[PDB]
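Below is one structure; the comments refer to it alone.
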Amino acid sequence: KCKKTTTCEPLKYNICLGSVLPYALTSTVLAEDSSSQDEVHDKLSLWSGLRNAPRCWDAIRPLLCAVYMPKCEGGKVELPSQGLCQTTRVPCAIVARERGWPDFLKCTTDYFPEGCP
Ligand SMILES: CC1=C2C[C@H]3[C@@H](CC=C4C[C@@H](O)CC[C@@]43C)[C@@H]2CC[C@]12O[C@@H]1C[C@H](C)CN[C@H]1[C@H]2C
């Protein structure tokens, strides 16, 4: 569905690349490059190397937050939508040409299901 069974843990940080998150629990299961919130914070630091291109940086940040620090509640996590995923393809093409999107950040419907509420 638009949710995935997981383990909820309390957010280590209330902040995701400049934005305050209106929830308290999260999970790392969507970010398949991170096995803890420490590594999540690490990989987000690396993602911050993109803020020299405000074009992509303004687009990719909701995506990064939705994937790396998603809202968890009752053993499930909110999955990022196809709509959100698609909006980053063009303005963040620099990511694709210089190293390439990780598989969990590519716009397949398994990671980013269409028609989410
Ligand atoms: C910021 C940046 C990126 C960090 C991203 C990478 C996509 C995938 C991952 C995997 C993820 O686990 C960690 C973050 C990482 C490495 C993306 C590629 C483009 C760029 O790398 C260039 C380096 C260059 C020196 C300057 N310009 C830099 C930027 C255009």
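All values below come from the heavy atoms of this structure, side chains included, with hydrogens, waters and symmetry mates left out. Residue numbers run from 1 in the order of the sequence given. Counting starts at 1 for both ligands and their atoms, following the listed order.
Each salt bridge (charged side-chain N to carboxylate O under 4.0 Å, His left out) pair with one or both residues in residues 40-64, not counting sequence neighbours, would appear here, but there are none. Residue pairs meeting the disulfide (SG to SG under 2.5 Å) criterion with at least one partner in residues 23-58, sequence neighbours excluded, are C56-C92.
In this structure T7 satisfies the side-chain contact (heavy atoms from CB on, under 4.5 Å) test with no other residue, sequence neighbours excluded.
A donor-acceptor pair under 3.5 Å is formed between the side chain of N14 and the backbone N or O of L21.
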For ligand 1, list all ligand N or O to protein N or O distances below 3.5 Å, rounded to 0.1 Å.
residue: ligand 1; atom: 12 (O); partner: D33; partner atom: OD2; Å: 3.2
residue: ligand 1; atom: 12 (O); partner: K43; partner atom: NZ; Å: 2.8

### Pair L30-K4, side chain to side chain contact (heavy atoms under 4.5 Å, CB included): steps then yes or no
CA-CA 9 Å; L30 299 193; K4 183 182 177 83; 4.3 Å; yes
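When side chains are defined from C-beta on, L25 does not count as touching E9, because their heavy atoms never get closer than 4.5 Å.
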